[PDB]
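*Asks:* Before I ask anything, here's the sequence and the deposited coordinates:
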Amino acid sequence: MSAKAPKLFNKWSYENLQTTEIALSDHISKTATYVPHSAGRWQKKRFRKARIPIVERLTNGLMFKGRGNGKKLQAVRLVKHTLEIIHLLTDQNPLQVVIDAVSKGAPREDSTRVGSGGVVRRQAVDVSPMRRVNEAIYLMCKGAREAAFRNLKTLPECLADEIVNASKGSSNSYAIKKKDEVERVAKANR
Amino acid sequence: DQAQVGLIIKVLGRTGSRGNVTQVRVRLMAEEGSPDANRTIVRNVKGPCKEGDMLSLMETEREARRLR
Amino acid sequence: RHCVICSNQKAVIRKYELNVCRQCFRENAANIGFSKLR
Amino acid sequence: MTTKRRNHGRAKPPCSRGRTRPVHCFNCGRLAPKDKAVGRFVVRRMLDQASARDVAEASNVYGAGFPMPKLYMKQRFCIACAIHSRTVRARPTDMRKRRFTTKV
RNA sequence: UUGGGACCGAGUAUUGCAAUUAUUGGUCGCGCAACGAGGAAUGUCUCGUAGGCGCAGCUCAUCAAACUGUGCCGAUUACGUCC
RNA sequence: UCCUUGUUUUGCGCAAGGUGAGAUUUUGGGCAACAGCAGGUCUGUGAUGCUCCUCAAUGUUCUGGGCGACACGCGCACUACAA
């Protein structure tokens, strides 16, 4: 025993975690698996993508732009490091920081083109739960690639930085500024 | 912000034409028995939705479509 | 190379698996036992 | 040329009038004879249902107290006018001859 | 640039009926020659797919950035509308 | 097929879940009607009309050599290598 009922990443515990928002609780789920490495079929149906945690989803959408890129196993190698970094910076379980950052970097309202007459018109359009999740993830992990693109000296560390500042609502993060500026058009025009 | 939950009470139907946005109805479960005569606002939504989904509302008193 | 069911030597010679049937195209010149089903 | 319509798109019968007064449009200001012009009756609400609730809350002497009035109008439209907002549409032969009289 | 190769000179072996950089899996120069994800425009795929990667067949003196087939690593979004 | 006893006015059927290796044109391919286009192919053929080449033949040649591959740094299509 001691790995039957107990579930870890390898030292990070899922008891501590709580879903930060109450808007999201069926698109944010908890991890139990010891790596976020995928091997299943992850899509076949409109919602079957929300049966799984944010961790797995994030690690898969972490980077693209192939040339001989090592995909999943490589991504997992960076996950490990970034969790340790986030842990000692927040002085708290890194997992629960991820839970927060995905929610608080997400745009919660949008506005779209939908008008006609040779002209566009914008209205306040609420962001759906799954979209808050997805959009947040993509923006955060877009930031990463751009930060290391010719720049910094940091390899995993930029991810940890972003996830911290996102959870704080600080506008250093690539995700936060998007939520901000979009809502300045979508709550200033209806 | 304001984060005000509501349950998608039903799929109101299809509005828009892009294949992007749907128009759906939100019921307030945010209230604790505070007066609301609104009482279920229609809201335009971005991306896929499903019934019983909670979502935060940044706005209230929305009639969505209007005449425009 | 060169072909034995034409003397053209051009319009392309098959020598795959020791046969020529592409100086007389095999669609026209079948009954070699081949079939297409997939 | 060909008699497309027997009554000629009019409620005016042959050999009676030959002249019926012009009437303006509430769209483009076009004039046409009254009989040709396309009448509808609107019965337009002064509040949406969604807002009706909210206002009837704040009311005591109105809403619940008396049923809300509506703006009534007659709307005489031009031909082109009607068709473009698709409240009159083209119909097959068998149907074009049908009328519903002045009832809705 | 120690990231990339494309030009350029010298040597040698291999293939062949015949090589005239044919050879090229090779040495070792030039790299400090381009190019830093690249205006307008525009392509095609919703799942073991896209993308990434390699091998063989094919042609046949000799060469595959091509074509055809097998395998490996393997997602994000959408699962709606008709504009 | 069953089941949700939902949706199904009875029908044709629809959705979710279930059993299950596998949920509907099982899955992926291959074949395919009728009407045609002055599409392409006379350098695939012993598949061909006519009329051109028919001997200083241009046809034809294990004949020799050359071309199709050229470079004002010119446009386009497709490919591959990178930052």
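*Replies:* Done, it's in. Numbering: from 1, shown residues only, chains lettered A, B, ... in the order given.
*Asks:* Torsion angles phi and psi at residue A:8?
*Replies:* For residue A:8, the backbone dihedrals (degrees, to the nearest 10) come out as phi -140, psi 160.
*Asks:* Not counting its neighbours along the chain, what's nearest it?
*Replies:* residue A:34 (6.4 Å; C-beta to C-beta, 6 or more residues apart in numbering or on different chains). Where you see a C-beta, it was placed from the backbone N, CA and C, and this is true even at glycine.
*Asks:* now do residue C:15
*Replies:* That would be residue C:1: by C-beta to C-beta, 6+ apart, it lies 6.4 Å from residue C:15.
*Asks:* Over to residue A:180?
*Replies:* residue A:171 (6.7 Å).
*Asks:* now do residue A:131
*Replies:* residue B:47 (3.9 Å).
*Asks:* of all the residues in chain B, which ones are close to chain A?
*Replies:* B:1, B:3, B:5, B:16, B:18, B:20-21, B:26, B:43-50, B:53-59, B:62, B:64, B:68 (C-beta under 8 Å from any C-beta of the partner chain).
*Asks:* Can I have the buried ones of these as a ChimeraX selection?
*Replies:* Per 16 or more other C-beta atoms under 10 Å in any protein chain shown, the buried members of the residues of chain B next to chain A correspond to this ChimeraX selection:
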select /B:5,21,26,43,44,45,46,47,49,53,54,55,56,57,58,62,64
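*Asks:* Please list which of the residues of chain B next to chain A also come close to RNA strand E.
*Replies:* B:18, B:47, B:48 (C-beta under 7 Å from any atom of the strand).
*Asks:* residues contacting the first one?
*Replies:* So the one you mean is residue B:18. A:112, A:114 (C-beta atoms under 8 Å, 6 or more residues apart in numbering or on different chains).
*Asks:* ditto for the one 5 residues further on
*Replies:* Residues in contact with residue B:23 (C-beta under 8 Å, 6+ apart) are B:12, B:13, B:14, B:15, B:16, B:42, B:43, B:44, B:45, B:64, B:65.
*Asks:* So for chain D, the centremost residue is which one?
*Replies:* residue D:40 (1.4 Å; C-alpha atoms, centre = their mean).
*Asks:* number of nearby residues for residue 49?
*Replies:* You didn't say which chain, so I picked chain A. Using other C-beta atoms under 10 Å in any protein chain shown, residue A:49 has 16 other residues around it.
*Asks:* think we crossed wires, I meant chain D
*Replies:* 7.
*Asks:* ok, so what distance separates it from chain B?
*Replies:* 10 Å (C-beta to the nearest C-beta, to the nearest Å).
*Asks:* interface residues of chain A facing RNA strand F?
*Replies:* A:45, A:67, A:150.
*Asks:* Setting aside sequence neighbours, what's the nearest residue to the residue nearest to the centre of chain D?
*Replies:* Using C-beta to C-beta, 6+ apart, the closest residue to residue D:40 is residue D:75 (5.0 Å).
*Asks:* so the one you found sits right up against residue D:37, yeah?
*Replies:* No. Residue D:75 is beyond contact range of residue D:37, at 9.7 Å (criterion: C-beta atoms under 8 Å).
*Asks:* Tell me which of the two has more neighbours.
*Replies:* Legend: neighbour count by other C-beta under 10 Å for residue D:75 and residue D:37, higher for residue D:37 (23 against 17).
*Asks:* what about the residue of chain D found nearest chain B, how many neighbours?
*Replies:* Nearest residue of chain D to chain B: residue D:57, at 4.2 Å (C-beta to the nearest C-beta). The number of residues packed near residue D:57 is 14, by other C-beta under 10 Å.
*Asks:* so what's residue 25 up against?
*Replies:* Just going to use chain A. Residue A:25 neighbours (C-beta under 8 Å, 6+ apart): A:19, B:54.
*Asks:* let's do chain D instead
*Replies:* Residue D:25 neighbours (C-beta under 8 Å, 6+ apart): D:31, D:32, D:37, D:76, D:77, D:78, D:81.
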